[PDB]
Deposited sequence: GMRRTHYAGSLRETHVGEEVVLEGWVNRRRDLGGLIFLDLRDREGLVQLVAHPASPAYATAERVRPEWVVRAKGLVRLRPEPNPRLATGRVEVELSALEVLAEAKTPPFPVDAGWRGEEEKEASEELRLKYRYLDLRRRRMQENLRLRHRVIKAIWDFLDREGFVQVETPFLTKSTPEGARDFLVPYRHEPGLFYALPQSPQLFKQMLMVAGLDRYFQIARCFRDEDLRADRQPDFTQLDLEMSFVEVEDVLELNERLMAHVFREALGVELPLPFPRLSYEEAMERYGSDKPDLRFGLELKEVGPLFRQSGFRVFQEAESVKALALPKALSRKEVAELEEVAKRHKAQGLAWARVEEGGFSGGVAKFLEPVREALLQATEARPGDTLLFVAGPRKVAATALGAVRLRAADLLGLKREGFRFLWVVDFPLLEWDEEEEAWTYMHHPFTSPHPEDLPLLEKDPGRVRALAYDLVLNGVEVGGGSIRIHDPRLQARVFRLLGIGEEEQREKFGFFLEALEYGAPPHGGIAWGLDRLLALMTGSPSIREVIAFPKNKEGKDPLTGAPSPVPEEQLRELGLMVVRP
């Protein structure tokens, strides 16, 4: 069997008197009074080795330096003075033998602090990525990756128990998730390309057409996007699909799945069911289709109060949203929120102060005429600051919702735990204020609400969709919808999305024919697995929960990718670089 008898970091007082064999890295060396103290590291933690001058292991111990790999044998004994910061802190290993398995030169950054329970100084991420195999020696990085393992294993356990069949779908396929495709040239016939999948969407629907009933996959998705916050050229999804389901069925199974993951992987109980809010209700109360429920400060609509007002900018406005903050902001803080507000298309930010009887500051003059009804609607108290955005309903909500989020940081609010919610009843379409056009909120295979089918021709903008987003602490972690299983309706919805018979046959012909052979009702969802794991670990970037990620430009400094290729290899594909 293995020479190793225990993991180094797993030794305890119960092992005293036992002879052990250990293998690991030298976390640090310290010589004192002729003794050589070596902190031996493996994935379970640190344990102290002691090399005594009279021991055969001493000569070898004198050569050892940090990050050397060694095999150690000796007796477990109590330390005269225990180190309470270590799980092995009460014991040490009196060495009888020591062998060097590998030498190592000094690393470009330290990996030893985390294993001692000490704080780790910040290191250049570009350098960490260049030496990612060393960065992954740190305790925090291994904790993240082992959490990722526990999460995926819990997903397998739960969904296998629920009858879901894991199916692996192709990576070399044809060119719809609303992004740019990554292409793979077909060598035997230039001009032909595969496309890496933006998602397994159409394959998992065809698996429902095939009668598998319910499917899941830890699928890798590839999307070539530009301006994206914390973008990676590829990412991981928990993808799943179900047949003969309504919206409620997909939601019910997912929250039960999420509760199982958090319980088994984090030991956290998630109260069930998750809170549910419609798209309209979420925008009105929070000005965001991904509300952050870790605090209050809800938005109140104050439009019907200004229909008799001399303030033309309020009285004419479609919407005036107000927010009461429990603090008297400085003009700098107000100006900070005003800049945030203006960045979201608002006409401006109004401000004031709530005082014992009247109002003071900002637009306080215009606040004085109204009060009995207004104070009841906002519950504002002396010492508060009132902020207002007036405008179109969607603008007014979205601008003051971003102000709401920014103000939570300025005020230093304690935002704790994990607050999930479902956002449901999305409109089938979203108005592009920029391009003055209709665009879909979820992919074009989403089912419109069946009660609204006649509105497809009459009034497109009123059509609801059977779509849903899963939100965690103000972040979209998942999204899905009930699909269209009737071929007539799917073409209808394509013609409505500016797609004629030509683009349909070329881009989706195979799938539309599949719907003609008896497709069942079905729907599903996809999680952003990297995103969810980043939130579960309090990481600021998904790069902290991916083993070998790219940097912000989509480059790999460790391997040198992307890189050029020989002219010969490029001619073989029948392609050349366009000369500028």
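Taken in order along the deposited sequence, the one stretch absent from the coordinates is 176.
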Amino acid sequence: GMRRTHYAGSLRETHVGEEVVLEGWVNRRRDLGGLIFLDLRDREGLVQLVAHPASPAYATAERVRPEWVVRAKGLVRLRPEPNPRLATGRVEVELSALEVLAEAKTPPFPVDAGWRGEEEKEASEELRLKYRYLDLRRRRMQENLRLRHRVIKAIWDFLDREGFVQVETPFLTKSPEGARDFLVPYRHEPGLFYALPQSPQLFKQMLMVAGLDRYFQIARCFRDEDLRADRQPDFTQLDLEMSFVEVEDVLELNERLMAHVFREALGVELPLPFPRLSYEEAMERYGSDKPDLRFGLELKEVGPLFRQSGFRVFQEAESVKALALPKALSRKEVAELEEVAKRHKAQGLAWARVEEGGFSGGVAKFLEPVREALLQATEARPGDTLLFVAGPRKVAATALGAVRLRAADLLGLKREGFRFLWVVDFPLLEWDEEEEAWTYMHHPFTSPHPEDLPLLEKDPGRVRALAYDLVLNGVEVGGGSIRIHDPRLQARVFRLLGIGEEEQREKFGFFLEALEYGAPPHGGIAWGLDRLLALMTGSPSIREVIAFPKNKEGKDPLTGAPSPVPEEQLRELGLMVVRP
From here on, numbers count along this sequence of modelled residues.
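When the two stretches 403 to 411 and 212 to 220 are set side by side, the higher mean Cα temperature factor goes to 403 to 411.
Look at the mean CA B-factor for 11 to 19 and for 564 to 572 in the entry; the higher one is 564 to 572. Of the residues listed, 187, 285, 312, 71, the entry assigns the biggest Cα temperature factor to 312. Between the residues 76, 111, 324, 145, it is 324 that shows the highest Cα B-factor in the PDB record.
Per the deposited record, the Cα B-factor of residue 105 falls in the middle third when ranked against the other modelled residues of its chain. Compared with the other modelled residues of the chain, the Cα B-factor recorded for residue 474 ranks in the lowest third. Ranked against the other modelled residues of its chain, the C-alpha B-factor of residue 166 as given in the entry falls in the lowest third. Ranked by C-alpha B-factor against the other modelled residues of its chain, residue 358 falls in the highest third.
When the modelled residues of the chain are ordered by C-alpha B-factor, residue 452 sits in the middle third.
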